[PDB]
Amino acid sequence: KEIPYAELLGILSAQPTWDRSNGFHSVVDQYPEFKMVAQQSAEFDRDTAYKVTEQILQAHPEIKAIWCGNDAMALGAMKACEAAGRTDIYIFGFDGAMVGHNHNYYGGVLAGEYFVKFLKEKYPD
């Protein structure tokens, strides 16, 4: 039933962080089977994402996926999963590159659609 996941946020003071995450959540939050059990900044950085993911894996072992606000954080997350033997966890991300929406928000929307479609196929009810 439930698909628990974690999210790695970018730098909290940087607008791309909010736009990517908000776009992602505009989609994923419509599918209540997806449960965000952890959400933390990894500062758009690979080494920080490794450290943060290592901690998330210990506190929330049930996660099936991690969505990341840039490629560097996804790479660090993937390394941490490998180091923990958690090669089962799926890693996703969007790297980019106010009234209305922009590039980072729409990219988060499309990334969220893919995240839902992929994970509902792997983990149907």
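From 1 onward, residues are counted along the sequence shown.
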Here the number of deposited-sequence residues unresolved in the coordinates between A97 and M98 is 10 or more
Mean B factor on CA atoms, stretches 98-106 and 18-26, record says higher is 98-106
Avg C-alpha B-factor, entry values, 88-96 vs 53-61, higher side is 53-61
Per the deposited entry, the peak Cα B-factor within the set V37, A42, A74, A83 goes to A83
